[PDB]
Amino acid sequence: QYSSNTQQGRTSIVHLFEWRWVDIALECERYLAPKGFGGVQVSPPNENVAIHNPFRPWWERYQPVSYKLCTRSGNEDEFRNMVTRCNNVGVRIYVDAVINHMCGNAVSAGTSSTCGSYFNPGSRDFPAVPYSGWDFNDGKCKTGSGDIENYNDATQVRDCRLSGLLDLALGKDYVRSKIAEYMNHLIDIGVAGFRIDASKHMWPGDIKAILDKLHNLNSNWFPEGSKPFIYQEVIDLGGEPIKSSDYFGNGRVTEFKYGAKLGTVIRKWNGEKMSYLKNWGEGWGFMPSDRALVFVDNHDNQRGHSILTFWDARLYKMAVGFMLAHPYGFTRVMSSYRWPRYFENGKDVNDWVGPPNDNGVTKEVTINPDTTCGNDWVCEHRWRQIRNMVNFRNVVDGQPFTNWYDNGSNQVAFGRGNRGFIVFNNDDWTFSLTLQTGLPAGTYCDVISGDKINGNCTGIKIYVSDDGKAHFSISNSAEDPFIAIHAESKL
């Protein structure tokens, strides 16, 4: 469960949040494959509640109605078509598995669902599964409201309703089996692994019993003995009875401390500065590198404060660049859509808005001639600075963090063995200095500013001498105040 199962030489996953299956399939072929992306985290592919007030919020996909592969992203045929096409070009698919719960207990009964299946939350009836009252934790939960009231009580956090979401009885073999049936459907289609949604709200042991029932990965694409990559969503900033380490037996765990702290540092808030990043990783109190699933932002937290997002493009690129260059963790890059972020004083009242759509029909991703995307899809994963750092990470895979430099403030640099070097200026003055890069002598294309094409560079050239040293000059007024070079950007 700890192996990503990506094709040899690919180290990142991208979240194509709310993208349709046909667009992901195309993206695998035209972009993700040639640009070295390891795989795609897809939005939940199972049937969910169609919520019409507010109008089709992104969060309706976190309220299951059944396990039919039938959503606004597409139907089963489209999902299967995507998985096959992506696997055929060496790009994996990872499914956001929503298995802790079905929908909100107050949602009206009917067929307001993405595949039209009937369901009745009040009577606990989901006949498309099927599940009935006996399959929820109503009787097991001990809180007066039936919902989670206190995170200091690990028991209720697991057995009670998260914000009223009907809580599945994962202690029961029937329920475990129905979830495994769904995940096995996905595995056989060709899925390489799962983001396990709301893992904190499930007993580590119940997750295990579910994973125990899964098939090995599809033997047309994966070697014998291959198991689904597992990364569990657990927000653990400390101070709670439930810890990320409680889930290590099942697979990787999201390290939410990662983006939170990085955001703080790059914004230079709370006294933080980039020079402090010299011991980034376990030195900052993070979980073991071999268990961490890292990211600067995710689909939930890019909607709140502090976290760096595409809205903060300049600092965001820097944060993502640092993440992709640093050996800690397994990296996930975000890809978003733009929504009319309207604030009512520290409150984005439009943080619920779903993907770009025509009367609820998700819009296709259009590609502009300059490689950006239209229809309000942000496509951060296509931004040159990020796309090139995704490749940097592949190029330097396995090389140790070395050659750290800092000016005691916010000008820092470091290398990855003899294969890559990166330099950042987040201070309010110019960074002009000769640094030891650890790289072989030569002329290297800076892949932040440009690209190596046909024996020359479109952007900045860095000259590494025989002793491995090179001069770097980065103005604080630079749009992208960082430079990155690697073995494959050498002329």
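Residue positions are given as counts along the sequence shown, with the first one as 1. Think of the rigid core as the biggest set of C-alphas that the two forms share within 1.5 Å after superposition.
Q: Comparing against the shown form in 4 other deposited structures of this protein, which stretch has the larger RMS C-alpha deviation after a rigid core superposition, 344-352 or 101-109?
A: When 344-352 and 101-109 are compared in 4 other deposited structures of this protein, the bigger C-alpha shift is seen for 344-352.
Q: Please indicate which stretch deviates more in 4 other deposited structures of this protein: 134-142 or 299-307, judged by C-alpha RMS distance after a core superposition?
A: Farther from the shown form on average in 4 other deposited structures of this protein: 299-307.
Q: Looking at the deposited entry, does 323-331 or 174-182 carry the larger mean Cα B-factor?
A: Stretch with the higher mean C-alpha B-factor: 174-182.
Q: On mean C-alpha B-factor from the PDB entry, just flag whether 478-486 or 464-472 is the higher one.
A: Higher mean C-alpha B-factor: 464-472.
Q: Whose C-alpha has the highest temperature factor in the PDB entry: 94, 258, 337, 136?
A: Of the options given, 136 has the highest CA B-factor in the PDB entry.
Q: Highest recorded C-alpha temperature factor, please, choosing from 106, 82, 287, 189.
A: Max CA B-factor in the entry, restricted to 106, 82, 287, 189: 106.
Q: Of the three thirds of its chain by CA temperature factor, lowest, middle or highest, which one includes residue 61?
A: Lowest third - that is where residue 61 ends up once the chain's C-alpha B-factors are sorted.
Q: In terms of the CA temperature factor given in the entry, to which third of its chain does residue 46 belong: lowest, middle or highest?
A: Lowest third, going by the recorded CA B-factors of the chain.
Q: If you rank the chain by CA B-factor, which third does residue 301 end up in: lowest, middle or highest?
A: According to the entry, residue 301 has a C-alpha B-factor in the chain's lowest third.
Q: Which third, lowest, middle or highest, does the CA B-factor of residue 446 fall in along this chain?
A: Tercile = lowest for this residue's CA B-factor.
Q: Lowest, middle or highest third: where is residue 414 by C-alpha B factor in its chain?
A: Lowest third of the chain for residue 414's C-alpha B-factor.
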